[PDB]
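This report concerns only the one structure given below.
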Amino acid sequence: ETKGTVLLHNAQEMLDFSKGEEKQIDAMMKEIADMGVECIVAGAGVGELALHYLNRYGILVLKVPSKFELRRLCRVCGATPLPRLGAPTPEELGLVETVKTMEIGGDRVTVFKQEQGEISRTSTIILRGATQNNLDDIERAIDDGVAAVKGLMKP
Amino acid sequence: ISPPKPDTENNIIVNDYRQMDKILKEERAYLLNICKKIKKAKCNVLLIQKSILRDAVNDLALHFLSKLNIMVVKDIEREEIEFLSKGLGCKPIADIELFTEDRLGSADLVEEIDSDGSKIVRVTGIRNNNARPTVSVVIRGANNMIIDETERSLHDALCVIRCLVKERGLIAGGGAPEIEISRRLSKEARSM
Amino acid sequence: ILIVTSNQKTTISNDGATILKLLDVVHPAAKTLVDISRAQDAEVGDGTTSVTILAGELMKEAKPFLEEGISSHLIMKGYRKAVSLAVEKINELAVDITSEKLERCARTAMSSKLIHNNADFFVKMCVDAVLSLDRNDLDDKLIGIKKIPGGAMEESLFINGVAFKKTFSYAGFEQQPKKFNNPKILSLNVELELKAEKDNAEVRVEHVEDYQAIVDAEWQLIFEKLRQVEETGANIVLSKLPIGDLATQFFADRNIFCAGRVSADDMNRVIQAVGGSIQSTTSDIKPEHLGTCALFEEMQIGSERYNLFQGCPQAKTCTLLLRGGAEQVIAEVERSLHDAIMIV
Amino acid sequence: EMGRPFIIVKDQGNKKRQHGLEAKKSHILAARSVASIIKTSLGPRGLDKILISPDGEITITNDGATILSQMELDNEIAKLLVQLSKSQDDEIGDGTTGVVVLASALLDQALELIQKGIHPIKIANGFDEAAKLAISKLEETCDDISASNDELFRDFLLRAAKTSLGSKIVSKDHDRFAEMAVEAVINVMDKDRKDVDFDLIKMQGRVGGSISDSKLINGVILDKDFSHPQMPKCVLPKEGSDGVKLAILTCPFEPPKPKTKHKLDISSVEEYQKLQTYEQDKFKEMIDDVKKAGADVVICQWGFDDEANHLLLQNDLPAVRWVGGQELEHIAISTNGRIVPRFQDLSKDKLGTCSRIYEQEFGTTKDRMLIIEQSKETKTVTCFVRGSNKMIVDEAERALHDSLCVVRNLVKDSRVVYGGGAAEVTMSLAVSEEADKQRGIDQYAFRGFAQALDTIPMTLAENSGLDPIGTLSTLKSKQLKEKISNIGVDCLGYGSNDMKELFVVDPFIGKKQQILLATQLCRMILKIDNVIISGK
Amino acid sequence: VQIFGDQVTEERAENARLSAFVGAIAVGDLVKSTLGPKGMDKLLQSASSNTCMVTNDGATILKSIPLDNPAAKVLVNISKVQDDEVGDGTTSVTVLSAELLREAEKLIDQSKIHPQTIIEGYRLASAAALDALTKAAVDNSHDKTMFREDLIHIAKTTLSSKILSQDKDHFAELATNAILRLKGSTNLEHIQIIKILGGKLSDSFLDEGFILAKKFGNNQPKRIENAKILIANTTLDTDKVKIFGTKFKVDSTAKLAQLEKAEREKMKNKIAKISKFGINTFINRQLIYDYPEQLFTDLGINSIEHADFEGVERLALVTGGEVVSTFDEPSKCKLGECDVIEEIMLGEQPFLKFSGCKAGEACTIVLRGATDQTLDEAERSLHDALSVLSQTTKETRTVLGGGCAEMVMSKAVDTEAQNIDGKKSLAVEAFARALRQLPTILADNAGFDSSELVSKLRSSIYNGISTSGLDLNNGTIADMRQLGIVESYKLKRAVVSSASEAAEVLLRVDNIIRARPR
Amino acid sequence: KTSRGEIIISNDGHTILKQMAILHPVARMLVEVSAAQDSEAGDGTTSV
Ligand SMILES: Nc1ncnc2c1ncn2[C@@H]1O[C@H](COP(=O)(O)OP(=O)(O)O)[C@@H](O)[C@H]1O
Ligand SMILES: Nc1ncnc2c1ncn2[C@@H]1O[C@H](COP(=O)(O)OP(=O)(O)O)[C@@H](O)[C@H]1O
Ligand SMILES: Nc1ncnc2c1ncn2[C@@H]1O[C@H](COP(=O)(O)OP(=O)(O)O)[C@@H](O)[C@H]1O
Ligand SMILES: [Mg+2]
Ligand SMILES: [Mg+2]
Ligand SMILES: [Mg+2]
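Protein chains in written order, with the authors' numbering: chain H, 260 to 414; chain W, 241 to 432; chain L, 51 to 151, 158 to 400; chain B, 24 to 559; chain G, 3 to 520; chain Z, 49 to 96.
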């Protein structure tokens, strides 16, 4: 956090500094890859060297550059995040069967459909329509309907 | 005369706390031993030119120069260095290694009188092996506009003396040669 | 319809999405049409205008009923109840055709614009564009086509790969051969030039003897980075980041072509065409991940150089060069094909 | 309106619209306004035109693309004609003026058919069928030249070289420019006579001298002098040697320093003296490396300081500074040398070879421009064009560029046709013949394209000052009497409308491109109904 | 349908040719008074800072004056190329190229000749014109004494047009000696023209040496003898090493006192290497600071500072030595020699006088004149004189002037007009009649007859005397070999080719397109 | 009185002509003649 700058006094450190970053990033992926994970949701920008070793073993990368977008996804699979770059705990690893990528609105979208077994929460509703203004009012109608479901819990 | 700072890039690093006392002792000693070698040549008056990129004479150095009875004058123009060396017969000094007694000049009295709120530093008496002596003349007056014209009026006076020593001979003015040359060409004009 | 906006950008088109896109519509009720058109284009890419004219006539037909004492909900209940039968009726009008194994559907989608009359030549190669794509993927970025101001539309041809502009003239570009019999493609991401290594620059040196060695070490590792690319036999080198003059001249001596200044969307199309992979490190290069094709030939196209790949046994990419007189001709040929390619 | 502000598009009151018949008349008359500019320019008896840029600089040009490129216009219909001439200029490089007048000829004849009430799509489909029919006929009638040997194939380039130079200034010395243009391609060509690289030959003009002083030199043009000019200007090779052993370097003469920012700390006077020794030994080792390599002339990209001037002068080693990277691309291909990055990789195999290096003045004080020449055939030719004016030498560049492009079209196999108005009339009478049995509704559409093709001969009749009706009547009657279709309108009046004899040839790919770009643009302009334009 | 934008002036009618033709006539008539020996000088009033400029050359005049006509730019550009190429004959190109368009105007209007026919006649007429100079030239390379006399008469011809018509007898010897000094080096940058106001115009001189614009620094003497000159280009003053990342990790100021001493030791060591040559004068282009200046005093070496890089080239060639750096190897290096060096004063500024040098491959000219404008005119004149004489060495062939060059072209041009029967003969005759006007304006500037004096020159040449020409001091025909006026072959080849090709420009123009100014 | 705030008295014709800003260029040539008379001779700058 405080003035991260290289320092190389001689040529012996110059030769090993380029390979040291490759071996260090690779060594951290070994403990992550041996646990059988195939998709990792990142919270901020991911480097290119880390990306080269992730897609080697076929690990999917997902961007969620915000706090609430990252918290809503943990409730689906039921995972406990940890900021460390070490081994995820097996109890904390989430369960997702399939991750599909199909064309719905012409743009690229990533889906996380679960199955009847190992149900999840915080589901979504794909709302298709022609006019963007009608999407806004129908979306708030679901909020009114979801708000009506809240009326059953407290009383 | 200043603390050490070469033109090449440098950076002083202090690793231990006791080194601060040492460098402070060596800074004044670097000024002291150079001033000590001025006493060895018994040079009594110093004249420093306009200093660039740093102060000419450090305030810490003035204490050593003022107690040893040395007059200090700074901010002299660069083109005047040829004038002082030619007049006083003193060769300039660019390094203490070349600072010797034979290169210095001589003078009987360097007095700075107080008169009319305007200081003048005048050297009385010059003696040296020099075939090209110098001369200096001050100007006094009411205001600067008369000082400027008194300078240019003297320039026209010296240029007349410059012309006579350049080209030998002279003629009587007062409109004489204009009428004489007009008479002479008018005599020949009717023949051609 | 010919439209020129405030920035003096000429455009000519016969589409419902493109015409309403350039026109900055400030009226609130009129932007529903922009939305319907955009929506049909998005989900389909054809028949945008029809939708807008039908929308217009239903609202124009609802005008005299609103002048009468008919309420608003009564008119909406009629269309919403009638459209349910129209969708079911269209399912009966449509056929369950499976016999006869594309060609005819493309001719109708090209109507109302330029290439309808030239459908005999464009439909023959346009049908082959989607056949390269397999089922359930249907990647639209693989059908990315670029602009070439200059030429005649008749001289176009079908390409089994990619053709991308170099966008930079290197010092050792002419020394490389333009024709390889058995080329091998390898995609890179590391920056091949002499500069700072990893986002920082600070090097302390005490002894002057080591000052010569640290400079030679930088010259040693940069050729070590290039020699690992040379040892695997990669004839074509590609990288998103720039490539310096030091690297391209090292490749220029021993007949190794290189190029740079390309986008990520272009790089993703290169991998699926050659069937290789991305490697952002020179040490982890292996022979198996190198893509191959039939031949290579750089050709003069509209005073612009393009690196052609073609003849692959299995290509996921179709990318044709659009040449034309005006900049609107190449644009109209793009939009006409983009609407027809969605239909097929 | 109903009192409320009825606005739809942003900036409602600024932009306008135009529809109906008045929208069409704005289009056709806009083409006639541009066609009148091009009609008095086309042909060998044409006249140049001055285009004053906003910055005060002028360009005396008679090519349609450069005229329309530097022309400030407002009407969009002419702006599409600006791009059509630019389209013909970039790829083929021949016929810009022709397309502009031919597209206007289709537009002028389409005005009469719009008055009759024919739909524009039937008009556009008629020219598309007529254009392909004319191309299919002209592809059969033209003869192939590949059967002849190389001695006669050189003459066919001289036929087209004199055709392209003429109609342009540089039409005096045009007999030597034709030989100079053909001699440039003899050096730079493939052994199979196919797909020659045009990028190897760059354009270079020089403001000074006269047109007669221009000559051929195989080498590079640098606009700079040697370093520290005390050496002799013209360096010669050794008595026994393969060549001058040219050396090129992309490394400046300095001590090796890191590319990253560094901090070399000297904590002692002994290390400071070693820095002085390290400073001198690098320059001593550097000049010994190029000495042992045997190089005579050295080319440096990133320059060097004044210390290397005396070291290079004593060893009889000329050198230069501030040589751009684009020129080093040209130096390596010309002298067949490999550019070494550094001195450690310096070897005698990478050095180039050329005949001699020398420099001249060209006058009083202008600038010292370097010249290089080869002793044999190489893969690089640099045209050394002189001129009495800046506009003369500027027009001579684009004129000679079009000459090399016309020869570049003939490198493609079996593409030759005799022009001079013969290609237009021979494609015109067949379209009218097809209309007699293919009448339909598009009978007048073929007649419009038949009359539109003949306008280029009538354009040549106006510039030459001959009667147009008598000219087209004689050419049409001669084409019907005899099926030999190489007779055209000869403006230079050498007698004989016959033309293989005159020696006028144009490339076949260039001629079919005239009607393609003309028909392809006419199909686009006829589609326009609404004309929305915004205020500046 | 106005396709062009707002404020777009276009001329697609007869006014376009009239506007282009009247522009050249205005540029042509502007320079008719500046041609010939009796021509009048012109005065330029600058719009910025009131910086006046007096000049007789048409290139400096037309470049300074603003002209918005596109036709004026061609006359400006053809004059700029002629000024840079040869350095003389610019007004002849301007007046001849304008007269060719003037003579071509009546063919377009009265006779109604095609523009392609007028240029076609000028092609054949210009071809016969240059062929006349092929046979009319004379090669004086076999004898140096006759070539020495040819440079006199060429200097008489070029210098007579400027204000130095009286003093050309003295500067003709000064001009030719500078050319024989350079012994073939045609680079005009190797002559330093020192400008000095005051004194009589004939007080100019040409000393055998190189005159510096500066003086010695502090105490070095004025008068010395048997001085060895050594020239250097490197810093030699507070040496900042080639890498700027150098630093000193100072632990104590006492050690930094040794580091600054070490900078003085290496500089003291560098000056010690200068003394190994055994020299008495040292010259460097960079300005010399105080510390290295002092060490030259004990060694007895003189020092000169702040010499310009263009002067180092002149300084090296007059001295005949070589510029030396990296002084470890004095054996391979070379240095010059000189007999005596002395500081002089010409006006207020002192100068250093060199005399008795071995090499004489360059020189310096000291001009003396009343004003700065007369002195400037003098420079422009000598530059034009030395430029023609410099190219005369590489182009030894010469051509006689004084109306004989233009007439012997017309004799051959009129002969060829009959063998080209048709309408082209009027164009070739127009090219002939355009050449008759150059001796006409040369007679009009002196106040003589335009018709009878030209008619006598017409009849004299066809009788079989190809050496007759105009003599302006008396107003009669005289022999050119006796008067001694002659021009170079490159000059007459240049003005005929430049004026011919200049006429081809504004005859092929019909439309004038003017976009908006920026 | 010059353009800036400096004031100067002058009997010398060279300094009079130098400080006077003349619009006419031919009259401005006399400023250079007085400069030439001042540089060469140094006396009689108004007599010339
Ligand atoms: N010397 C010539 N003799 C006969 N016809 C010529 C000659 N030169 C050019 N032409 C004809 O003039 C027509 C127009 O050519 P031009 O407009 O000069 O070329 P571009 O359109 O490329 O500028 C061509 O169709 C060509 O056949
Ligand atoms: N004393 C003389 N007698 C005869 N002719 C002269 C004399 N002096 C000059 N001339 C003629 O006047 C012409 C002057 O041309 P010049 O003014 O040098 O042209 P430019 O100024 O354009 O170089 C020369 O061609 C020369 O023949
Ligand atoms: N004492 C005098 N009596 C009479 N006439 C004089 C006297 N002194 C000078 N003159 C004349 O007056 C003139 C003065 O010129 P001056 O003002 O000195 O010119 P400048 O000021 O330009 O040097 C001289 O030319 C001289 O003839
Ligand atoms: Mg459609
Ligand atoms: Mg042409
Ligand atoms: Mg002259």
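Beta carbons: idealized from backbone N, C-alpha and C, even for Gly.
Alpha carbon to alpha carbon, how far is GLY327/W from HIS333/B? Whole-angstrom Cα-Cα distance: 41 Å.
Other residues of its chain near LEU245/B: CB distance less than 6 Å, five sequence neighbours each side excluded: Within the same chain, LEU245/B has close Cβ partners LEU393.
Sub-8 Å separation of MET309/B and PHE366/B beta-carbons: In terms of Cβ geometry, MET309/B and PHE366/B form a close pair [threshold 8 Å].
Identify each residue in the region 171-201 of chain G for which the Cβ-Cβ distance to at least one residue of chain Z is less than 9 Å, and report them in chain order. Here the close residues are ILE198, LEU199, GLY200, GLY201.
How about the region 213-222 of chain G and the region 295-304 of chain G: do they share at least three Cβ pairs that are nearer than 8 Å? Because the criterion of three Cβ pairs below 8 Å is met, the region 213-222 of chain G and the region 295-304 of chain G touch.
Take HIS308/G and list the residues in its own chain whose beta-carbon comes closer than 6 Å to its own, dropping the five residues that flank it on each side. Beyond the five residues adjoining it in sequence on each side, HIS308/G comes within less than 6 Å, by CB distance, of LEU289 in the same chain, given in chain order.
Since I believe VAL267/B is in contact with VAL320/B (beta carbons under 8 Å), could you give me their beta-carbon distance rounded to a whole number of angstroms? The beta carbons of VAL320/B and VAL267/B sit about 6 Å from each other, so the pair counts as a contact at 8 Å.
Please identify, using Cβ separations under 9 Å, the residues of the region 274-287 of chain B that lie next to chain L, in order along the chain. The region 274-287 of chain B vs chain L, Cβ under 9 Å: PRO278, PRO279, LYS280, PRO281, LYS282, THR283, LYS284, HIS285, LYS286, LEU287.
Under 8 Å: do the region 487-504 of chain G and the region 400-413 of chain G share three or more Cβ pairs, one atom per stretch? In short, these stretches touch, since the Cβ pair count reaches three.
Could you check whether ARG76/Z and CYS54/G sit closer than 8 Å to each other, using their CB atoms as the reference points? Annotated as proximal: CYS54/G and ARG76/Z, with beta-carbon spacing under 8 Å.
Give me the Cα-Cα distance between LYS238/B and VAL456/G, rounded to the nearest whole angstrom. Using only the alpha carbons, I get a separation of about 40 Å.
Would a check of beta-carbon distances place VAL259/L closer than 8 Å to chain H? Interface residue, yes.
Comparing C-alpha positions only, which one of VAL259/L, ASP65/L, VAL54/L sits nearest to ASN37/B? For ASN37/B, the closest C-alpha among the options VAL259/L, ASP65/L, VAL54/L is that of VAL54/L.
Following a CB-centred definition, is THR160/G positioned closer than 7 Å to any heavy atom of ligand 6? At least one heavy atom of ligand 6 is nearer than 7 Å to the Cβ of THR160/G, so yes.
Please confirm whether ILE213/G and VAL83/G have their CB atoms less than 8 Å apart. No. Outside cutoff.
Which one or two residues does DSSP pair with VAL401/G in a beta bridge? Residue pairing by DSSP places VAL401/G opposite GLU489/G in a beta bridge.
Let me check you understand the geometry: is the CB of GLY347/B closer than 7 Å to at least one non-hydrogen atom of ligand 8? In the structure shown, ligand 8 is absent; the only ligands present are ligand 1, ligand 2, ligand 3, ligand 4, ligand 5 and ligand 6.
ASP90/G CB to nearest heavy atom of ligand 6 below 7 Å: At a cut-off of 7 Å, the beta-carbon of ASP90/G counts as near ligand 6: some heavy atom of the ligand is closer than that.
If you compare alpha carbons, which of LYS39/B, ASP34/B, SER64/B is closest to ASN513/G? It is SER64/B.
With a threshold of 7 Å (Cβ to nearest heavy atom), would residue 156/L be considered close to ligand 6? Coordinates for residue 156/L are lacking, as chain L steps from 151 to 158 with nothing built in between.
Beta carbon proximity, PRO246/W to chain G, threshold 8 Å: Interface residue, yes.
Does the distance from the C-beta atom of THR321/G to that of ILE231/G stay below 8 Å? For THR321/G and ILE231/G, yes; Cβs fall inside 8 Å.
Using a beta-carbon distance below 8 Å, is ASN370/W in contact with chain G? So no, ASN370/W is outside the interface.
Cross-chain neighbours of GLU391/W in chain Z, by beta carbon under 9 Å: Going along chain Z, no residue has its Cβ under 9 Å from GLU391/W, so there is no contact; the nearest lies around 11 Å.
Tell me the residue span of the beta strand (DSSP E) that contains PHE356/G. 352-357 is the span of the beta strand (DSSP E), which, as asked, contains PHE356/G.
Less than 8 Å between CB atoms is the rule here; does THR50/Z satisfy it with respect to chain W? Cβ-Cβ to chain W under 8 Å: no for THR50/Z.
Assigned exposure category for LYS197/G - 16 Cβ within 10 Å defines buried: Classification of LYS197/G: exposed, given that the 10 Å Cβ count is below 16.
Within the structure, which residues are defined as neighbours of ligand 3 by a Cβ-heavy atom distance below 7 Å, reported in chain order? Taken from the N-terminal end onward, the list reads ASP396/W, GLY413/W, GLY414/W, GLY415/W, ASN59/Z, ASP60/Z, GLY61/Z, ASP91/Z, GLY92/Z, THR93/Z, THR94/Z, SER95/Z.
Shorter than 7 Å, the distance from the beta carbon of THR93/G to the closest heavy atom of ligand 2, or not? The answer is yes for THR93/G.
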